[PDB]
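Listed next as structure tokens is one chain, alone, in the form deposited in one PDB entry.
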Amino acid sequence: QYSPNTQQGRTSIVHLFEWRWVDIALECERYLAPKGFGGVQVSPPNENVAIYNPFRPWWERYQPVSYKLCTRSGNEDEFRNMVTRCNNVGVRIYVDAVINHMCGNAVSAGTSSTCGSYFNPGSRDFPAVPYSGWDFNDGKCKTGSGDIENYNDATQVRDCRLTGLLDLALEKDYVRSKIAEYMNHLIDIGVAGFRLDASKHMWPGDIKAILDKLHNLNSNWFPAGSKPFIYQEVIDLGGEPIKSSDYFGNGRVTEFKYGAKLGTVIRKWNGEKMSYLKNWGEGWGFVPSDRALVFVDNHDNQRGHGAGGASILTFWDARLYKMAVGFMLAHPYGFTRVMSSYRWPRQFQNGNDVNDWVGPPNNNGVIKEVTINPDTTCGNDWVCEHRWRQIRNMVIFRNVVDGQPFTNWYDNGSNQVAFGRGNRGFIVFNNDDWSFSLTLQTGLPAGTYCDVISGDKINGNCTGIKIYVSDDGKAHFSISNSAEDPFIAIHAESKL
């Protein structure tokens, strides 16, 4: 469950947050496959509650009604068509599995669901599954509100309602079977793995029992014996009873300390600076690299809806974001997930964004198609960070240097740092308020390399900055603290 099951080479997955299945299918064929992306995190594919107050917020998809593959992203056939077309071009699909709970206990009963299934939170009836009052933790939860009240009590965190979401009795074989039935349907369809939503709220052992029910990946696309990739969403920072290491027996875990600390370092908060990143990784209290799913921001915290808080960097801080994603894609630590979002009417007051609920670009509730502009950027308000040159090229950079060790580190004791990956790649950063001009050991073979941040290698020539590596591997780099992108990256495949 620790291997992402990507084709040989592919080292990253992209979160196409709220994209429709038909759009992801096309993206697999037109961009993801040729650019070297490993897979796609799709939003929950199961039927959810249609919430109109506020109007169709993104979070309504973490409020399950049934396991029918029927949502604003598409129906069961469109989903299947997506997995098939993506697998055929070597791009995997990872499902965001919302299995800890059903919808909010106070949501009104009826057919206000993405597939019209009837459900009654109050009587705890979800006939489309079916689930009844016997399948929820009402009796088990010991808090006065029935909701989670204190995170210092690991039991309550697992047995009570996360912000009121009806909590499934995951210890019951009936519930484990219903969930495995849903996950096996997706696996047999071609899905390569899952994001286990709210894993902190599930007992490591209940997750284990459910995983024991899962099949091996579809043998038409995957090697025999392939176990689905599993990454547990567990927000574990400082002091609290639950540790993400408690889930290592089930697969990887989201390392929320990663984006949080990379954000404070890049923002230079509390005296932090890039020179400190020399021991980036476990040295920072992070989980072991082979158990980490890393990212700069995720759909939640990019809205201030999660771990990391204010330090989290997003597409809104484009300049620094590209830098952060660049360091992440160049560093060997963990398995990288690139965020891809949509622009929303972010409006702050008294410090909080009152529009952080806004769902994806839509027309009367119907999610808008992703349109590709002539310059390869997206329209319809989709940000498509994965299409940004500096990010897509670092995605390729990661593939090129895969397996190569972290080496040849340099820092000026402040914010000008650089490092290489074996003799396959080299990257340099300048985040100080002054220019950086110096000759560094790159560990790369002599020659002329195209800097993939400022440009591309095309038709045997460079469109941007060019770096010359001498016979001893040394090369001169010059970065103005005013440069559009204050960092340079060169690798074996951008060599002329």
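Superpose the two forms; the largest set of C-alphas matching within 1.5 Å is the rigid core. So that there is no doubt, residue numbering starts at 1 and follows the sequence shown.
There is another form of the same protein, the form deposited in another entry; it is not shown, and what comes next is about it.
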For the core superposition between the shown form and the other one, please identify the residue among 371, 111, 279, 219 whose CA shift reaches 2 Å or more. 111
Following rigid core alignment, is the displacement of the residue 302 C-alpha between the shown form and the other one equal to or greater than 2 angstroms? yes
Do you see a C-alpha shift of 2 Å or more at residue 314 between the shown form and the other one, with the core held fixed? yes
Please determine whether the C-alpha atom of residue 353 is displaced by 2 Å or more between the shown form and the other one following superposition on the rigid core. yes
Just to spell it out: taking the C-alpha atom of residue 315 and the C-alpha atom of residue 93, is that distance smaller or larger in the other form than in the structure shown here, given it changes by 3 Å or more? farther
With a C-alpha distance change of 3 Å or more, do residue 106 and residue 111 lie closer or farther in the other form? closer
